[PDB]
Amino acid sequence: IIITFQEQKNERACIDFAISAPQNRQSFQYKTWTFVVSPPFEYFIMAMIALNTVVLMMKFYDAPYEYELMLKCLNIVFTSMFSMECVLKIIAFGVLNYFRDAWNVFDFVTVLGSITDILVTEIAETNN
Ligand SMILES: CC(C)CCC[C@@H](C)[C@H]1CC[C@H]2[C@@H]3CC=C4C[C@@H](OC(=O)CCC(=O)O)CC[C@]4(C)[C@H]3CC[C@]12C
């Protein structure tokens, strides 16, 4: 089926067809933008992503509840720093600019989802 599969040049046509195809210096806007575009900041945030998945991997059954409290506090810290970086990118870019990346919208959804998870865990008993 692989050998005989009909289509119903190629590279050249694709190249020809695909050949068709920030922020200024005003205020604290520029300060935040200069901070958040620095590759150190992105390396830091991917390191925090790595540490957060490390925290997600450390759950296990019948934890001493001193370990569970540590995991909950670490989740608080990580979601707080993710919210901080999301707000920093908001105040560096524009709102319309931030919401037009297709990744920062995903990050925004996950940050608010984790925040809502944190708030619900306090009063999750009454939902049912
Ligand atoms: C730098 C690279 C290696 C990434 C490392 C990721 C770790 C955060 C992951 C790797 C496998 C996980 C561990 C796999 C084995 C368990 C045993 C579990 O304890 C037990 O089941 C026995 C004790 C008991 O229950 O009575 C506690 C969590 C723990 C250490 C896990 C904690 C998180 C770990 C270390």
# chains A, B, ... in the order shown; residues from 1 in each chain; ligands from 1
>>> residues_around(residues="range 72-84 of chain A", least_positions_apart="3", cutoff="6 Å", atoms="only C-alpha atoms", output="list in words")
residues 69, 87 and 111 of chain A
>>> write_last_selection(atoms="C-alpha atoms", output="PDB file, in the first residue's frame")
ATOM      1  CA  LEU A  69       2.345  19.758  52.055  1.00  0.00           C
ATOM      2  CA  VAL A  87       1.881  39.140  33.656  1.00  0.00           C
ATOM      3  CA  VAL A 111      -1.942  29.595  34.433  1.00  0.00           C
TER       4      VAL A 111
END
>>> closest_atom_pairs(of="chain A", to="ligand 1", cutoff="8 Å", atoms="only C-alpha atoms and all ligand atoms", output="tab-separated table")
residue	atom	partner	partner_atom_place_in_ligand_line	distance
A:54	CA	ligand 1	8 (C)	4.6
A:55	CA	ligand 1	8 (C)	6.6
A:57	CA	ligand 1	33 (C)	5.5
A:58	CA	ligand 1	33 (C)	3.9
A:59	CA	ligand 1	28 (C)	6.6
A:60	CA	ligand 1	28 (C)	5.5
A:61	CA	ligand 1	25 (O)	6.8
A:62	CA	ligand 1	25 (O)	6.5
A:63	CA	ligand 1	25 (O)	7.1
>>> atom_distance(atom1="CA of residue 101 in chain A", atom2="CA of residue 86 in chain A")
12.8 Å
>>> select_by_dssp(residues="chain A", states="helix (DSSP H, G or I)", output="number ranges by chain")
A: 10-18, 28-37, 39-57, 66-92, 95-98, 104-126
>>> atom_distance(atom1="CA of residue 38 in chain A", atom2="CA of residue 26 in chain A")
18.1 Å
>>> atom_distance(atom1="CA of residue 122 in chain A", atom2="CA of residue 44 in chain A")
29.7 Å
>>> closest_atom_pairs(of="range 53-118 of chain A", to="range 7-23 of chain A", cutoff="10 Å", atoms="only C-alpha atoms", output="Markdown table")
| residue | atom | partner | partner_atom | distance |
| --- | --- | --- | --- | --- |
| A:92 | CA | A:23 | CA | 7.6 |
| A:93 | CA | A:23 | CA | 6.7 |
| A:94 | CA | A:23 | CA | 8.6 |
| A:97 | CA | A:22 | CA | 8.6 |
>>> write_last_selection(atoms="N, CA, C and O atoms", output="PDB file, in the first residue's frame")
ATOM      1  N   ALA A  92       4.889  43.664  29.022  1.00  0.00           N
ATOM      2  CA  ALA A  92       5.919  43.955  28.023  1.00  0.00           C
ATOM      3  C   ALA A  92       5.297  44.107  26.641  1.00  0.00           C
ATOM      4  O   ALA A  92       5.521  45.110  25.962  1.00  0.00           O
ATOM      5  N   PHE A  93       4.510  43.120  26.215  1.00  0.00           N
ATOM      6  CA  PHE A  93       3.795  43.189  24.948  1.00  0.00           C
ATOM      7  C   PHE A  93       2.537  44.032  25.136  1.00  0.00           C
ATOM      8  O   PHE A  93       2.365  44.725  26.142  1.00  0.00           O
ATOM      9  N   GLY A  94       1.643  43.980  24.155  1.00  0.00           N
ATOM     10  CA  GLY A  94       0.296  44.473  24.319  1.00  0.00           C
ATOM     11  C   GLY A  94      -0.654  43.320  24.582  1.00  0.00           C
ATOM     12  O   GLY A  94      -0.330  42.162  24.330  1.00  0.00           O
ATOM     13  N   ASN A  97      -1.349  41.968  21.454  1.00  0.00           N
ATOM     14  CA  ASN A  97      -0.098  41.358  21.017  1.00  0.00           C
ATOM     15  C   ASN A  97       0.163  40.050  21.756  1.00  0.00           C
ATOM     16  O   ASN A  97       0.523  39.040  21.141  1.00  0.00           O
TER      17      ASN A  97
END
